[PDB]
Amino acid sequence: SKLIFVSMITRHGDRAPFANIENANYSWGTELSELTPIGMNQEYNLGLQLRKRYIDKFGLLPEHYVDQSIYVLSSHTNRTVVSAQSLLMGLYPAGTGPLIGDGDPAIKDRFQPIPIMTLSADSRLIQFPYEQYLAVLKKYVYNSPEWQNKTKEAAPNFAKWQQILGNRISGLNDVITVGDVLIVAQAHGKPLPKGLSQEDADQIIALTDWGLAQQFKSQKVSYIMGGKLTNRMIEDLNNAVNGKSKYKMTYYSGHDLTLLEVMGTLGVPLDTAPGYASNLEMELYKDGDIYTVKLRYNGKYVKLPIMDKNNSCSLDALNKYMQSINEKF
């Protein structure tokens, strides 16, 4: 068997929070919501790892970029576009870019340009618009027994966390909000807010990770948000077989929700929220007339309920599996 195609999703890297803790004086080194230099580095390193895998090991892709060999699509945010740019700067690094004349660089240090298209901000393909996302949560998640139960467990801490942080804390949604700020603060080596113990910080962060993952343990919620992208990735695999497409890779640059919704849709919901620069790949293999698929998440293969001992299944089986999911929803 030989690898003949890959479809990939990433979450973007470390980024300055939109929210902030009122009773703290955190600054972020960039504008709110922007990818930080740390975030750029995370994605670049992922690019290097992908080069070692899909170029060096599998030889699916060549060492120098072939035009029209990779299709890249991003959500309409600076952080996802810059994350894709940064990753591609790892996959095809300085030194490998095009030459003109007598082996002179087209661009200083032989950077390799690779086009990235962006969805509109209104697109629901890669990230659900915030208002539509919350609408789904209010309808399907916030009133679920699981969410209600966890809320009751955590509720005794809300008053104190609010008095400490300043920020309103009146439910798990608010905990998730401050949780992102504490995650980035910790990543950047900032002190804890005055009066916030490390144990309390840990608990807030754990609830944040629990909450984001819990949202997508419903296959319904997942399909609502991710059925479209999941179908599209599988169609990409098919287009590689039926000759309709000549790409060796499609790459969707997105968010934690993007990974969560696709995994949730395929009936293999993540147990923990995706950290920065998390990624998943659908790999397609060919052996004569036999085509098989494998599914990789954060460096490990994932077993779909239709897969065999070796975490593989025919493309035909994957298509039938998706068809029924579509029929179900």
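Residue numbers run from 1 along the displayed sequence.
Asks: I need to verify one thing: averaged over C-alpha atoms only, is the B-factor higher for 297 to 305 or for 30 to 38?
Replies: If you average the C-alpha B-factors of 297 to 305 and of 30 to 38, the larger mean comes out for 297 to 305.
Asks: Per the PDB record, is the mean Cα temperature factor higher over 5 to 13 or over 313 to 321?
Replies: According to the entry, 313 to 321 carries the higher average C-alpha B-factor.
Asks: From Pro113, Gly103, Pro93, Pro193, pick the one with the largest CA B-factor in the entry?
Replies: Spelled out: the listed residue with the top C-alpha B-factor is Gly103.
Asks: Just grab whichever of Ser123, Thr208, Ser83, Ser197 has the top CA B-factor as deposited.
Replies: Highest CA B-factor of the listed options: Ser197.
Asks: In terms of the chain's CA B-factor thirds, is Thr77 lowest, middle or highest?
Replies: CA B-factor rank for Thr77: lowest third.
Asks: Using the temperature factors of the C-alpha atoms in this entry, rank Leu259 within its chain: lowest, middle or highest third.
Replies: Within its chain, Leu259 is a lowest-third residue by C-alpha B-factor, going by the deposited values.
Asks: What third of its chain, lowest, middle or highest, does the C-alpha temperature factor of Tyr130 fall into?
Replies: Highest third, going by the recorded CA B-factors of the chain.
Asks: Could you place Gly267 in the lowest, middle or highest third of its chain by Cα temperature factor, using the values in the record?
Replies: Highest third.
Asks: Where does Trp147 sit by CA temperature factor within its chain: lowest, middle or highest third?
Replies: CA B-factor rank for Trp147: highest third.
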